[PDB]
Amino acid sequence: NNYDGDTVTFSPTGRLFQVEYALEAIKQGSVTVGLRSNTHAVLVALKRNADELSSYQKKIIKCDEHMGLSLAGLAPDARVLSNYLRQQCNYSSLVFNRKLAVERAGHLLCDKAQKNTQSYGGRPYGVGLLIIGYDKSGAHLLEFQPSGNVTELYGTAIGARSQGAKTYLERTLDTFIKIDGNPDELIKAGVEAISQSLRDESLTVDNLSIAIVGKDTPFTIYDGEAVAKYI
Amino acid sequence: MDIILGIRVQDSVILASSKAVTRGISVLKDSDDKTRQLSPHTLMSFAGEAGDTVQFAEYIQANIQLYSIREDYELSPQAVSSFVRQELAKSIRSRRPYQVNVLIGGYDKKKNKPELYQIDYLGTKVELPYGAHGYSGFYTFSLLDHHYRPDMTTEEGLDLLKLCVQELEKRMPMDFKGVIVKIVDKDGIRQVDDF
Amino acid sequence: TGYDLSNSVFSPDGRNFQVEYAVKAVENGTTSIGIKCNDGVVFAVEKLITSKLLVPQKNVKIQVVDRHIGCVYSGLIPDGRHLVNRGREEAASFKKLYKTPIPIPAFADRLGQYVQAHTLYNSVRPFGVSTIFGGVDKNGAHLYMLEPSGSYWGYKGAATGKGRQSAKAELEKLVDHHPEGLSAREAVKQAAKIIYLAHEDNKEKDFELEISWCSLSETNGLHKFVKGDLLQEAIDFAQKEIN
Amino acid sequence: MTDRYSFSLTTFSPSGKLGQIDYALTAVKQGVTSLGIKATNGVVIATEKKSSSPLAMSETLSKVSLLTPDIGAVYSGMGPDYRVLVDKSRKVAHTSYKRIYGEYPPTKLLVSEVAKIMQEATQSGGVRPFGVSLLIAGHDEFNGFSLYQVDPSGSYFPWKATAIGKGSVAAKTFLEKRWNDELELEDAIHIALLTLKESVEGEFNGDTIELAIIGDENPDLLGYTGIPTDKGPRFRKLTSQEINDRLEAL
Amino acid sequence: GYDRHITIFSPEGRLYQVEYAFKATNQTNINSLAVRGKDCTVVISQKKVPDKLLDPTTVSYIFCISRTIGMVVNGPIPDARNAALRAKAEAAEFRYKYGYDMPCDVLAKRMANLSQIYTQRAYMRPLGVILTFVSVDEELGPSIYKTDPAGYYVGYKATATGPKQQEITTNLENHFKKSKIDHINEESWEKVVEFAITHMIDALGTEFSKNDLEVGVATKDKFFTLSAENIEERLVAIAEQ
Amino acid sequence: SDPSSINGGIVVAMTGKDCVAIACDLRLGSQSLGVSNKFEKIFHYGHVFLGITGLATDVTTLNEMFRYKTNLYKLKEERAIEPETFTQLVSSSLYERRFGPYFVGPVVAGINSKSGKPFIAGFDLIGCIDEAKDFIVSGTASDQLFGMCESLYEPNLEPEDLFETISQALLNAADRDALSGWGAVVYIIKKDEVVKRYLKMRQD
Amino acid sequence: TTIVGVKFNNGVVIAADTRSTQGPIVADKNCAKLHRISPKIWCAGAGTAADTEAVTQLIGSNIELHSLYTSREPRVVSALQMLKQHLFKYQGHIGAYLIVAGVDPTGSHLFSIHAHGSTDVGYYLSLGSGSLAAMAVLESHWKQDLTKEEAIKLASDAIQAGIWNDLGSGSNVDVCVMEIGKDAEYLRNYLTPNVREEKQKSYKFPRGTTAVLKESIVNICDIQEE
Amino acid sequence: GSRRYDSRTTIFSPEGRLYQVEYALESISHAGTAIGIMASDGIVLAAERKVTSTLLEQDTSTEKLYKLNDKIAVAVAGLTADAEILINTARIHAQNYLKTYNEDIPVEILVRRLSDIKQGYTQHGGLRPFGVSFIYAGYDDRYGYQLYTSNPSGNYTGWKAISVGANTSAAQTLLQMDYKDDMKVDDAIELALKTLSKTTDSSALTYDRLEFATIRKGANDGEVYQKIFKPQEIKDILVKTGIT
Amino acid sequence: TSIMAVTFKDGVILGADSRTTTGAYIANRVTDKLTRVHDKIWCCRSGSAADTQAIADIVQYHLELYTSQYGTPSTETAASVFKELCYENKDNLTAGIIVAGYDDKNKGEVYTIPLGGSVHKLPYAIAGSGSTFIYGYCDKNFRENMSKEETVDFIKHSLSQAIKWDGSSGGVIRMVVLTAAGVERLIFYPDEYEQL
Ligand SMILES: [Mg+2]
Ligand SMILES: [Mg+2]
Ligand SMILES: [Mg+2]
Ligand SMILES: [Mg+2]
Ligand SMILES: [Mg+2]
Ligand SMILES: [Mg+2]
Ligand SMILES: [Mg+2]
């Protein structure tokens, strides 16, 4: 209140309000789901249009052949952070001939976000990200908040009404973790999980965005007629 | 480029400059005008390294034109020549110096006097009744030392200049393709169109 | 007033309120501890299981610096990571110029001076972590604890976070009951117990125990994570004592 | 970090006042009294050594300072501000004059340089004005003996005699009665001691008074012989004993 | 009221942030004292280890700045260590540039100048510490010079700092009024330390065990701190006379 | 190619009884070619005189620079600069270009307005001061000038006698140097009158 | 140039010749090569004369400010350390070769310094083109526990060796004696063994000998009133 | 962070005025009055020192009148220390111009430069403006004798007669009444002193409270002389004009 | 120049000649080439005197500041600081330094840092222009764990020969002994070592 004018000010209970307000922008964002088995990892995202004349805003961004993410919140901030990830994935390949571990990508994002929370003049990032990848230790899913907290998960959801999808995945945990060698079944569980967060509208052919990465599967994004199969 | 001469007579300054431009083996042009008008009563001729000559001259011209507009006033020939000298003196200790020699002929409207300044690429300035750069002086100064009078008319100045150019065309090994001659007096700057 | 709106401003009683507010963020974090044993140090931390969907064993919190130093912290996790990144740079530059790995007291001051620097200006915010760290150098084992003010001292045992009061009292008993000292293996067992005891102040959720150690005899003076059988044995010993 | 205070902390108020300068002058007003008197053949500057505790060795705290061999300074106000200004003044006498002309600056121009430093603390970004007024006494060949006052604003004025700090209004009236253009240096010292006694409460002796003169060249303080033109510094600090001798003749 | 938050003048010509930095100087609740012998300079400070989980060997407010210079600090430890690191850097640099050991009084002046800057520049806060520097200087002999958050410094015959500085100060003043000399007329530093501890006991009206004190001694060409056992031997000699 | 002998020229200064003299030739050339016979090398800032030999662009540049500096000196000090003080200023200014120097040989001459003492000094291109009681020489015929001055000079010459001595030193030195001559000027300086004389000499 | 330094009982002495040259030509017959860094720290320089003067003035200026800052008399080791670090940084491009001598509260000192930044300690030193001639004398007559009078004698004899035997050296001997607990005494032209003999003839001219084209009064006065 | 303590010295008010410029002008209105009058044969500068003491060393004192070069002088009203910063800058610009062109700087070109420097402090940098107004008296061979003023906004204008500092409204009315175009310098001297005599807040106008200067071509033949009056010379011209 | 450092039972000894030349002229015949960077860490210098004095002064500063913060540095640490300066500035330096020191844990240690800035820990080391002539003698006569008197003789005899054959070496033989007992300085004059 008197302590929310900038990111360089703790409140008397030890809170950082500008960061909490940045977190609030994610909550307004459209829902996106992430989950994985031991062979594949999947992103599902509900895209948002402005009106009937407009396009549906893209939610999923490829970072490398083995890694990518989905966003909820300020889209230009996702572009800045995904660009940074592309560069870091790229640096690892060029200098070390090594694919960047998903866990290491999470650490780098945390540290980049943190600096915008401790100095004058800056602002925190106003976007949340779900990062999937397949590296030398298998399939991975990460959740990023602009507080800088990054967490490794079997499944999760962020954005408006993400709580429904998140509870579903919590019950299904023992089922979907075992969907090995069957990409289509893993995506189904993803589309079913995201359905627990819809109201008023349902999943249409220009509404739905899906991405998958795994054992012998480069990170690829499906939109349009390619998601009709799952509708 | 090659020959540039100047002579200050009673009421005017006359600058003569060669027309040839030579890229090593071929004479690429035979009508080149090696001069820039800095202000209505001030003319600068130039010679030296390719590119740098025209770049320097146009840079000086732009600066004097800027001063003229800012103050609504024409700088004296002495003032313009001091500005030019400073620029060359600064340039000689640069990373890559301007390799450019100039003559500045101006009519001072306040004193009602023609003035001729000779400045080399080092920033060496001198005011003279007549001057030159390069080898031009070696062939012409003995004639000018003999015939020059401070009370000569413009036509007598041109005739003494014709004699200088004739001696150059006789004894100089290079074909400089004649000269363009320009007169600076109380009425401004004009080109003698047959020489 | 208004003295608490800007970092580095002295209040009329000579206090820096922004630093005191940073301490509130620390007190809000999970419990972390350190125990200095006969020839080493043990570190342990409580990791709250917010959900089933957290992959077990996968969100590691204790961090190594160089090869002989362990660091754990409570409060804002990103701030702790920022401090460890700096500590890694300080350790690298020390070893680069002087050859020998950075001694623990020398390393303590490097972190201390850096954290203190963030109390000198209003253009930065203090660190929202308390850090427990240490390891083995040429003069033996060393355990330290560093606060948001930049204040640090050496310790026999240390604790921070939400269950800090409970852990302290447990730590004090060990100091009283063992003037001769604790073995590294005993210290691991004791560390597991103390985190289990301190988890009462955080009982809402379940938790995951994480332990690490550097011991002259047990790890050759290198920082290692306690895993597998030795971890299970410490979990079992802890479960017994809370029953 | 970086100093992010790149804006002025001293600004004009609606009434045309520069508040921070006025407040600096108030800090000077609270300061211990110091004075200076100009004679025909010299200048004297003087102040009280108000010791903070009797365990303090107050000879280690020098309120009257040599700036050049022929120029000295005293102050009223904040001591630490004075100390750093003396460091800067000693340096600028070299960097912006002696290293150029091979001689020490004349009094008025060293005053000018100190004044400029004080002006800039009154306009530059992220700083407060200096909380001191200086009295600077000196000699140079072409201007002779002189005495200047410098204020927190950077303004300076030449004086025949003046006082600054606590008891300055009374001291200035005392000085107006006694000053004339025929005073010899000893007369001015005597008047300085009389003037200074009025503003001093406690002990009044060589150990509690700090007094220096600009007078004749002191070849005995040069440190070497053999260069005729070098005749020694004109600045000299009087000893404890030298002050007490003149306090019997009081 | 922003003249209270940064180091600009208040309408009475005061710097409140400096005044409040002086108040932070007593937050540790520790008193220190320094005296001069014929050949030495002794500094003592109370030591309080209120937590049993602390390693008491790491708890200290006395610093070895150079071979010849010691420093005791009154104030919180982060600012104390900030000042200690800087003083160490300055002393080492001085020796490199000018070819001789930095004198105690010159280091004090330098640290006092740095402190003055924090009182004039807005972006920097004052350090909440008082610094007492001691040595046996090669030109000036036994030396005590003390710096504060105002950028003030001066040399002392003897001095005291902390919450109860006045009691210690007056006790010391009374002794020197009697003896009429600027120092403790004693050959050995052991006896000068015993004098220092004795007069702190009188002035504070409290007794000390070996773990309640911290002692630093400066002699010709070195400054050193005493161990608990060297201090015990001091305490024993005090009690036996 | 050697910058200090492209343009040619000389300067000499002498002390006498309550007077000083400073003189120079008037030539400016481009090696073998004579360009100007009116290139004066002596300048004055108040009552202090400065002669400069060497590269002509630097001669002109330094005069403009010392006019600049002595004008500011006067505005601030409220008095004209003295010879001793100006000498230090020339030295300081030249040494600031230690590793990219002005190719010159300056000479200072004047009388201190307070002491009345005659003063002269010379410098190398990098600022080293030569303060001579007797005479100072500079230029492309400096060897010749040293020879003339060493034998013609005697101390305490009256102004009218000093004029003849310095004029003959310059003239005969210049006539043994290809790059010097084409005219000459002599300044006779007393505490409150300065006379300037153009000499008649051979024009080859 | 010939320059020497000699330690004695209670202090140190330095000396130098008084000739400065421009190749083979003598520019100044009575040069002053003994410079003051501070009242009791003097130095003598060989090499590039502008550099020896300049580096001496600069360190002397900084030494004076240091002395004021520390309230202590300047030390020779300070002048030495400041000189060598300045010269080292310029990698020999500042052609200053010096002998530095002085007294301070710590005692009496004698050092030499080379243009690249190296320094040396000694009881007797010599620098310049006449250094080998001077050192031959010093190696022949130096002994431990010299008196002030013996050291002045030895130093000036060493300079004389350079004067008579080295073409780069000549004219007079300058000396400066720095004794502990005393003012430094600078003895300019301590020896004068090279006065020019009277010439055979006077070369004063008859007045009117020189041909004149023009006379004119030069206005050295400022713009006049009224 | 630091924003909290920023006064924002370079912002418009809602009426389109510059706060700090307006407040600097308020400061200047309490400074001693300075007057410049331009005649056909020269210029007069007259200014009142602020309330003096008997112990002030007057003959070595300067607070109002300063020399910029041999042809141009200024009278100061406002903060003296601020003025000396700008004065030294102007002295340098004049020498830069003389070095570049080998001609003395025309009066207006100097005035414009100083005024542009003042303007900059009102538009960028976040610093307080200079609390100074100048009267420039000078001569060049283009426009001859010229008078200008500049103020903290960096605005400048030319005048036949002008005042700055205290009581300019009263002073300007008095000048406008008695000024005539064909007036000479000796007449202008009298007008200037008479005007100060009437507008002063002091009891009487005496020599020790004045600074005085003339710029005349009363230097022999086609050349200009500046005269900063000594205390005795101010005393004489007070008697001669019949004010004391 | 002839310099060497030798480890033995009780610690380490440094040795050097005292000649510095400018071409064929002996600019100083009583030079001290054994320089102290810490109480019991000394070095022998060879190459550019300006470079090695500058380097040693910087190292002494680094170790003074190290000591103030972290206590007594090891001989290895001192060698590392020398190396860092010699390696990173190899284009602009001509320095060949031997570092020798005594610890109570490690006892006597010797490191040599030749021209390129490499470091080599050795039982003993030789360097300078005169060392070339005693590679054979030193390799045949060095033993580990010699006594103090034996080690002094070994260095004295070794540098005796280096001085004999190398015109750039000569004067007195200086030595510095580093043990637990302290720091001892020795000097040996020509009339002694020439007759060996
Ligand atoms: Mg030319
Ligand atoms: Mg501050
Ligand atoms: Mg000739
Ligand atoms: Mg010819
Ligand atoms: Mg000729
Ligand atoms: Mg080199
Ligand atoms: Mg040999």
Side-chain angles (χ1 to χ4, degrees), chain C residues 6-10 16 119-123, chain D residues 1 3-5 9 20 80-81 121 125-129 131, chain E residues 2-9 15-21 114-128 149-151, chain F residues 5 7-10 24-29 32 34 37 139-145 148 170-184 199 201-204, chain H residues 2 5, chain I residues 1-2 16-21 24 26 29 31 128-134 159-173 190 193-194:
Chain C
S6 180
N7 190 18
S8 85
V9 173
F10 285 106
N16 187 352
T119 72
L120 293 175
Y121 319 98
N122 58 207
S123 59
Chain D
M1 184 247 275
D3 180 357
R4 312 209 52 185
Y5 291 77
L9 302 180
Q20 286 294 310
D81 282 17
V127 296
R128 59 159 180 83
Chain E
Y2 282 147
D3 63 317
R4 304 263 166 146
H5 294 191
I6 56 168
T7 56
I8 60 171
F9 287 114
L15 299 173
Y16 282 111
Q17 281 299 298
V18 173
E19 293 179 7
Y20 302 162
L114 258 15
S115 284
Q116 187 286 152
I117 286 163
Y118 312 145
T119 72
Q120 181 155 213
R121 224 105 92 197
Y123 87 106
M124 294 261 38
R125 73 160 169 86
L127 296 177
Chain F
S5 70
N7 299 124
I10 43 172
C24 74
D25 74 317
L26 297 180
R27 192 180 173 271
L28 182 141
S32 71
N37 52 198
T140 51
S142 60
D143 286 11
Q144 292 92 318
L145 284 164
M148 293 306 297
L170 186 169
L171 257 19
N172 293 287
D175 292 344
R176 283 283 182 176
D177 182 18
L179 307 180
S180 290
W182 258 23
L199 309 181
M201 67 181 297
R202 60 187 306 130
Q203 299 295 306
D204 65 341
Chain H
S2 70
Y5 313 96
Chain I
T1 290
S2 298
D17 76 297
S18 69
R19 183 174 288 189
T20 125
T21 54
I26 300 169
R29 59 174 176 104
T31 318
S129 55
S131 64
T132 64
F133 307 114
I134 52 171
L159 295 180
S160 195
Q161 287 297 140
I163 286 164
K164 183 168 196 169
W165 298 111
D166 186 32
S168 298
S169 297
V172 302
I173 292 174
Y193 72 74
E194 287 181 4

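By convention in this document, chain letters (A, B, ...) are assigned in the order of the sequence lines, proteins followed by strands, and residues within each chain are numbered from 1. These numbers come from the heavy atoms of this one structure, side chains and all, not from hydrogens, waters or symmetry mates. In listed order, ligands and their atoms are each counted from 1.
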Salt-bridge test for F:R176 and F:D143: reply yes if a basic N is under 4.0 Å from a carboxylate O, no otherwise. no
Is it true that I:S129 and I:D166 share a donor-acceptor pair across their side chains at a distance under 3.5 Å? yes
Answer yes or no for E:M124: is there an N/O/S atom below the 2.8 Å cut-off from the Mg ion (ligand 2)? yes
Answer yes or no: is there a donor N or O on one side and an acceptor on the other, between the side chain of I:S18 and the main chain of I:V172, under 3.5 Å? yes
Taking 2.8 Å as the cut-off, does an N/O/S atom of I:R19 lie below it from the Mg ion (ligand 7)? no
Tell me whether the NZ or CZ atom of D:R128 lies within the 45° cone about the ring axis of E:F9 and under 6.0 Å from its centre. yes
I'd like to know if the Mg ion (ligand 3) has an N/O/S atom from F:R202 within less than 2.8 Å of it, counting both backbone and side-chain atoms. no
Does any N, O or S atom in E:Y118 come within less than 2.8 Å of the Mg ion (ligand 2)? yes
In Å and rounded to the nearest 0.5 Å, what is the CE to OH distance from E:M124 to C:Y121? 4.0 Å
Are the side chains of D:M1 and C:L120 in contact, using a 4.5 Å heavy-atom criterion? no
Rounding to 10°, state the angle centred on the Mg ion (ligand 3) that links O in F:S180 with O in F:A174. 100°
Look at E:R121 and state whether any of its N, O or S atoms is less than 2.8 Å from the Mg ion (ligand 2). yes
N/O/S from I:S169 sitting under 2.8 Å away from the Mg ion (ligand 7): yes
For the Mg ion (ligand 3): the N/O/S atom of F:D177 at shortest distance: O
